[PDB]
Structure formats: structure tokens, C-alpha cells
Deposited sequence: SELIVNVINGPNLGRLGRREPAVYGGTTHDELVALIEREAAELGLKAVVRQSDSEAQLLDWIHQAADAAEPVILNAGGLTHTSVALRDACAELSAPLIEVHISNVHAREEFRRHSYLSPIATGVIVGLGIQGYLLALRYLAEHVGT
């Protein structure tokens, strides 16, 4: 199927003063998706409720999700539970290597329900997640 949802959570709108901005990340993702024959829909919110609604829509549409949940990765049971309804693949992405950072960042509520997880590969992590989904149609 063509459509892949890329959903970014809290503080990811701040990319590029936290070099690559979130707008630039959207552009990079869109270009790579077109190359792969996909259509990427990229969304970012600091609101858990908004993220939940986007995940609910992806469940109702049976669309795959690439999710970088920011701080809610480590803290939100609610976001996990929304993701548990997804029928298509869920790929967890983090820009930083969360396993090399504070202890609290080494625990994810999403990893057990995700198909797979990419961390520490920068923004290329998103592009690699897209290529997985393209080669897994």
C-alpha cells in the first residue's frame, strides 16, 4: 500500500536548535518516500491526545506507522495501548541512541508491541524505516 504515517511526539518540533529542522526532516522523508513508491504523511505534536488520535486513524485505515514518540516513549501506557490496535507494522524510531543515555531512556512502553526499533542512526533512521516498509509491502 502507498501510505505510511510518520508520527513525531514531544519536543521534535524543536529540531535544529535542540542543524536539521522538522520542516527539513519532512522534506527528506517525502523525497525518500517518492523514490520508494510510497506516500509519507508526517505529523508532529507535543499533545499526547493528538498523537492518540493520529494513531487511532492509522488503526481504522490499516496503515503502517513509523513513531518517534519523544519523551512519551518512556512514560505513556495510553500511547502504547493505542498502538496495540494497529494491524499494519509499527516501527519505533529514535534519532539518538537511547541506550547510551540516562537509565530512564533505556525503557520503552512501545518496543514490545513494535515490529522493530531503530535508534542512534540520526534522521536516517526514518529513511531506513521507510525502506523496510517498502520492501515488506
| property | result |
| --- | --- |
| Regions of the deposited sequence not represented in the model | 1, 20-25, 145-146 |
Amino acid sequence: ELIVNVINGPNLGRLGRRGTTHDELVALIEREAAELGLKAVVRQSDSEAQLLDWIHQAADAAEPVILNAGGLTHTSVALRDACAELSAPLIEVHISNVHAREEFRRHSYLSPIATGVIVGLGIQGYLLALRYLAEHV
From here on, numbers count along this sequence of modelled residues.
| property | result |
| --- | --- |
| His22 not built in a third or more of the other entries | no |
| 25-33 versus 66-74 - which carries the larger mean C-alpha B factor in the record | 25-33 |
| Of 34-42 and 100-108, the stretch whose C-alpha atoms average the higher B-factor in the entry | 34-42 |
| Per the PDB entry, maximal CA B factor within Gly16, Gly9, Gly125, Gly116 | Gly16 |
| Top Cα B factor in the deposited entry, candidates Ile91, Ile95, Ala61, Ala49 | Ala61 |
| Relative C-alpha B-factor of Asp53, binned into the chain's lowest, middle or highest third | middle |
